[PDB]
Structure formats: C-alpha cells, structure tokens
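Asker: Pasting a structure here, questions to come.
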Amino acid sequence: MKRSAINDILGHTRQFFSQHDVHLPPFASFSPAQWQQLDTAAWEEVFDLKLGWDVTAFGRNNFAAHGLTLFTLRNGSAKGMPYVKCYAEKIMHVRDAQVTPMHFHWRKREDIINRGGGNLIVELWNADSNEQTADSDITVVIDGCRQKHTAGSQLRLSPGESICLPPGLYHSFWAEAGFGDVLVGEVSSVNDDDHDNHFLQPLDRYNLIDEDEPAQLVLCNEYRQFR
Amino acid sequence: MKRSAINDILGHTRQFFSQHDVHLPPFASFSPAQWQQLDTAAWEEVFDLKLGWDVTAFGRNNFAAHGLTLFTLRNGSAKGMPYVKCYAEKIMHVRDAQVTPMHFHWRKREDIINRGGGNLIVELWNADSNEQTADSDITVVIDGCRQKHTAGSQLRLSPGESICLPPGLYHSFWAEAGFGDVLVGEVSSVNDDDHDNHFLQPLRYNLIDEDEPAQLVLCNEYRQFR
Ligand SMILES: OC[C@H]1O[C@](O)(CO)[C@@H](O)[C@@H]1O
Ligand SMILES: OC[C@H]1O[C@](O)(CO)[C@@H](O)[C@@H]1O
Ligand SMILES: [Mn+2]
Ligand SMILES: [Mn+2]
C-alpha cells in the first residue's frame with residue numbers, strides 16, 4: 001500500500017465516523033510532528049498496546065475488495081502485564097462489499113457490532129482439528145439470543161445488532177453489497193494482532209508501506225520511532 | 001417511582017440515542033407482551049446477566065438531580081461461570097447537571113467514555129482503608145495518557161475522550177452544567193450491580209407505582225418472564 005492511499009483512506013474514514021456522530025480521542029488526529037513532541041513516558045500505553053489507526057489490505061493488493069480500517073480505542077496486555085485490563089474496544093469502517101477474510105482467534109472473544117449504516121454479513125464456521133472449516137453446526141449468541149445454525153451460515157446484522165464470536169470460531173465479514181458502508185464496533189477481550197489471528201489462507205495482517213508522500217497520521221504498528 | 005415517569009424518561013432517552021445515531025438491539029424495544037412470548041431457553045443470557053434498560057434515582061426522590069439512564073448491551077458472569085465473557089458494555093444518557101453519586105467497585109474496572117453531547121465531569125478519590133475518600137494523589141489513564149492528579153480532582157471528558165477507572169477508585173460524574181446532555185459509553189470487565197457497587201453514602205430503595213402500563217421492561221424486573 002502507498003502512504004498516499006493510506007492518507008486518503010483515513011481521511012475518508014474520519015469523515016464517515018463524523019457522519020455517524022462518532023467522536024475519537026485527541027490522539028486520533030495527531031500528525032507525526034505532534035507525536036514527536038509528546039512526553040513518551042506518559043504515552044507508553046498507546047505504543048505498547050498499539051492503540052490507534054490500523055489500515056490493512058490483508059497482504060493482497062485490492063484494498064477495496066479485501067481490506068479493513070480500524071481504530072483501537074482501548075486494550076490490555078496480551079499476557080496481563082503490565083496493562084491488566086481484560087477488555088478492548090475498536091471502532092471500524094467496513095466499506096460497501098469490502099471483505100475481511102476468514103479467520104479465528106486463539107484467545108480473543110469478540111462481540112462484533114453493527115453500530116450503523118449498511119448491513120453486516122458475517123459468515124461462520126467451526127474449525128476442525130486440521131484448522132480447516134468444519135461441517136458441524138455453529139452455536140452463537142446474537143444480542144443475548146442463543147441459536148444454532150448450519151456450517152457456513154451467512155448472518156445479517158442490521159444496525160444495533162451484535163454477535164459474540166468465541167475463540168476458535170472462524171468468521172469472515174463484509175458490508176452487504178450496495179447497502180452502504182458499515183460502522184462496526186468491536187468489544188472484546190484483549191486484542192493481539194501480532195499473534196492472535198489465524199487466517200484460513202496464509203496472509204500478512206499488516207502491510208509494508210510505499211512512502212510516496214508525507215504521512216498525515218501515524219498507524220498503530222509504526223510508533224517505534226516516536227517512543 | 002411512577003411507571004409514567006419511567007415511560008417518559010425512556011422515551012426521551014431513546015430519542016436522544018437516535019439523535020446521536022446510536023442503534024440498539026431488537027430486545028431494546030420489546031413490549032412486556034413481546035417478552036411474554038419469548039422462547040425462555042434461547043434468551044437466558046439476557047435475564048441472567050440483566051442486559052437492557054436501567055433507570056435509577058439512586059434510591060432518592062429527585063431523578064433530575066441524582067439519576068442515570070443506562071442500557072446494558074453485553075456482559076458476563078460475576079464469577080466467570082457459566083457466562084465466561086470477561087467484558088461488558090453499557091450506553092447511557094446523562095442529563096444536563098444530573099449527578100451519579102460517589103461510588104467505587106470492588107471488582108469492575110471500567111472505561112467511562114464521552115460518546116457525544118456535552119462534557120462529562122468526573123470527580124475522583126482513592127478509597128481509604130475505611131472506604132472513605134483518601135487524600136492521596138490519583139493516577140489515571142485518559143485515552144492511553146497516564147497522569148497523576150490531586151485527590152478529588154474534577155476532570156473533563158470532551159466528546160471522544162475516555163478514562164479508565166480501576167477497581168477501588170471512587171468516582172462521581174455529571175454533564176457539565178449548561179453544555180447539554182452527554183451520551184456516555186462504558187466498556188468494562190463484568191458488571192454486577194447486585195454486589196459490586198459501594199457508594200460513599202450507602203444506598204434507600206424505590207419500588208414502581210404502575211400508574212400506567214409499561215412500554216418497556218427494566219433489567220431488574222425479568223423475574224416474571226423466565
Ligand atoms: O485480521 C483480524 C482482524 O479481524 C478482527 O478480529 C475483526 O474480526 C479485528 O479485530 C482484527 O484486527
Ligand atoms: O449503580 C452504579 C453504576 O455506576 C456505574 O458503574 C457508572 O460508573 C454504572 O455502570 C453502574 O450501574
Ligand atoms: Mn476477528
Ligand atoms: Mn462506576
């Protein structure tokens with residue numbers, strides 16, 4: 001991905017968030033220059049837990065088809081130390097027909113929430129012992145309602161609705177094509193994108209960046225030179 | 001507390017949520033009749049974990065001065081079983097200058113989030129050995145920024161901002177007078193209002209006068225529906 005495309009994607013996403021009356025903490029708008037002037041001792045949690053912006057094309061080269069834009073609002077340490085918080089929250093922008101590829105988490109339990117806009121389609125499979133998709137029925141809770149469904153069921157979450165995905169449950173999601181971008185909330189146990197994502201297909205969760213123009217914002221995986 | 005006032009409060013809060021592009025799950029709008037027709041086996045989690053509406057005057061007689069309106073969206077079991085989820089989420093309506101009294105939690109750690117509207121003022125004190133307010137400095141993290149402040153500090157959360165409150169940290173909050181109602185988010189570890197709230201001034205309870213039919217069911221009155 002080009003830095004220019006990342007600037008453009010983030011600019012559009014901030015607008016989409018504003019459109020839905022979503023408000024972000026001040027650090028969401030810090031320029032790289034502003035990050036450079038911070039007291040690094042006070043901001044360790046941001047750097048350590050990778051709070052902030054995340055843009056990915058999932059190791060492929062068509063963001064519009066396979067991609068996700070996220071902001072990590074809060075989090076705890078993967079092991080529990082030194083940040084004891086057991087919970088994390090993200091706010092995300094899923095563009096019309098944009099797909100997050102099939103994956104499960106080893107540890108993280110997450111509630112994926114349609115906070116507004118279009119319709120979020122979520123496809124679910126149990127994992128078998130080979131870590132492939134199994135043919136067994138899935139059992140999930142959608143807003144406190146427990147239900148069983150066929151392997152590979154595609155479930156529609158309308159605005160307001162949420163599904164709890166336990167660890168080991170394979171999920172893929174997209175904004176239903178033509179029904180508009182979706183504002184997705186995720187409230188979960190601690191998030192660890194370095195180690196806690198198992199994609200059905202082998203793929204890189206972060207992208208390398210073609211620095212073709214100056215960065216307007218800093219991504220959550222690139223703080224290292226600001227700490 | 002009159003059901004008519006509860007009906008009204010909830011009606012206004014639903015509009016406020018809607019004006020802030022907040023969308024609630026289907027069960028947020030179930031009438032008592034609809035609750036009566038649910039498959040009780042499929043909905044146990046709602047009942048057991050007290051998901052849904054909560055309206056409180058904190059056992060006092062002036063909702064406008066001391067009160068809160070909440071909707072518990074998700075939760076887990078106080079003791080980790082049988083609902084293993086470690087996290088909870090509420091969305092709340094804090095009316096202009098309406099106060100939530102000083103309290104701490106034994107167990108719950110919570111991020112209090114200004115999701116929109118006016119400004120939220122949060123007052124903070126460490127709890128003493130005797131569960132009184134201590135004079136020690138407080139150490140808090142506001143959106144990943146760690147800072148130390150004096151006992152009893154009043155901190156302003158503008159829309160977008162959030163503060164993490166560890167267990168045992170006394171807190172009280174209100175919408176800054178004149179800046180308007182605040183939409184408050186709460187993302188936390190498991191919520192248990194039955195056992196996990198210690199108010200500085202102990203709470204003393206209201207019952208509901210059913211002067212009109214209830215439009216909605218509160219999270220503390222599921223008893224009849226399971
Ligand atoms: O790529 C894995 C990504 O998918 C999510 O779990 C959403 O299901 C994100 O929180 C995570 O960063
Ligand atoms: O009743 C005590 C109330 O105070 C809060 O913790 C807000 O800080 C609510 O989550 C809880 O219901
Ligand atoms: Mn996931
Ligand atoms: Mn509290």
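Every residue, every condition in (1) more than 20 Å from A:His171 (Cα to Cα); (2) in contact with a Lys or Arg (Cβ under 8 Å, 6 or more places away or on another chain); (3) surrounded by 22 or more Cβ atoms within 10 Å (Cβ to Cβ), yes or no:
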residue	(1), (2), (3)
A:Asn75	yes, yes, yes
A:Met81	yes, no, no
A:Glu110	no, no, yes
A:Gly117	yes, no, yes
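Asker: Okay, moving on. Go through segment B:155-192 and count every residue that is within 22 Å of A:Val84 (Cβ to Cβ) and not in a strand (DSSP E or B).
Answerer: Of the residues in that region, 7 qualify.
Asker: Please find, among B:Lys108, B:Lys79, B:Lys50, the residue that is of a type in the set (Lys, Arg) and away from ligand 4 (no atom under 16 Å from the Cβ). Walk me through how you get there before you give the answer.
Answerer: Numbers: B:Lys108 fails: away from ligand 4 (no atom under 16 Å from the Cβ); B:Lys50 fails: away from ligand 4 (no atom under 16 Å from the Cβ).
Testing whether each residue is of a type in the set (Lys, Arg) and away from ligand 4 (no atom under 16 Å from the Cβ) leaves just B:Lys79.
Asker: Is at least one residue of segment B:122-135 hydrophobic (A, V, I, L, M, F, W, C) and in contact with a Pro (Cβ under 9 Å, 6 or more places away or on another chain)? Reasoning before the result, please.
Answerer: Taking segment B:122-135 as the starting set, the residues that turn out to be hydrophobic (A, V, I, L, M, F, W, C) are B:122, B:124-125, B:127, B:134.
With the extra rule that they be in contact with a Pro (Cβ under 9 Å, 6 or more places away or on another chain), the set shrinks to none.
Checked against the condition, which is being hydrophobic (A, V, I, L, M, F, W, C) and in contact with a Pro (Cβ under 9 Å, 6 or more places away or on another chain), segment B:122-135 yields no hits at all.
Asker: Right, something else. Would you call B:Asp192 more than 14 Å from every other protein chain (Cβ to nearest Cβ), within 17 Å of the chain's Cα centre (by Cα) and under 25 Å from B:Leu10 (Cβ atoms)?
Answerer: Numbers: more than 14 Å from every other protein chain (Cβ to nearest Cβ): yes; within 17 Å of the chain's Cα centre (by Cα): yes; under 25 Å from B:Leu10 (Cβ atoms): yes.
Yes: the conditions hold for B:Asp192.
Asker: Let me ask something else. Would you check if A:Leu124 is on the phi < 0 side of the Ramachandran plot, within 14 Å of another protein chain (Cβ to nearest Cβ), surrounded by 20 or more Cβ atoms within 10 Å (Cβ to Cβ) and of a type in the set (A, V, I, L, M)?
Answerer: Answer is no for this residue.
Asker: When only residues in segment B:127-145 that are outside any loop (DSSP other than H, G, I, E, B) and within 14 Å of another protein chain (Cβ to nearest Cβ) count, which is farthest from A:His20 (Cα to Cα)?
Answerer: B:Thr139
Only the coordinates and a few stated rules stand behind these numbers; no lab work does. In this analysis, Cβ positions are derived from the backbone assuming ideal geometry, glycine residues included, and neighbour counts consider all displayed protein chains.
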